[PDB]
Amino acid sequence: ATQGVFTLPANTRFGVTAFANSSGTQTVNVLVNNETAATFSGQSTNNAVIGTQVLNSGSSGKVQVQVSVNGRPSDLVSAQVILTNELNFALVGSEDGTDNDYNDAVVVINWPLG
């Protein structure tokens, strides 16, 4: 099934943050309305933040997260969680190798802000 695609409320500010836990350099692309709005790149095996950004969901609200390592797309896992019917989380995990820990690039999207 398709992973890493989330439908946010339109024209809403959201935060996106990426962590790295891999020997390979992780590249995270954040797509809004099917067009690249942010790109994070970095390497770390200690959960270092390779990028954090505030974006706008745009007119369609469609937000897609893509992860790649040296041009090869990573396998993604994703889910959305809503707490007390207000606080939203869009979580993405990714695997670039064989150990299947799916933390090589961890992307957290949270909204609302402010």
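Each residue number is its position in the shown sequence, starting from 1.
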Residue stretch of maximal mean CA temperature factor, 78-86 vs 42-50: 42-50
The third of the chain into which the C-alpha temperature factor of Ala1 falls is the highest
In terms of the CA temperature factor given in the entry, to which third of its chain does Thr25 belong: lowest, middle or highest? highest
Grab the CA temperature factor for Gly71 from the record and place it in the lowest, middle or highest third of its chain. highest
Select lowest, middle or highest to describe the third in which the CA B-factor of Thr98 falls within its chain in this entry. highest
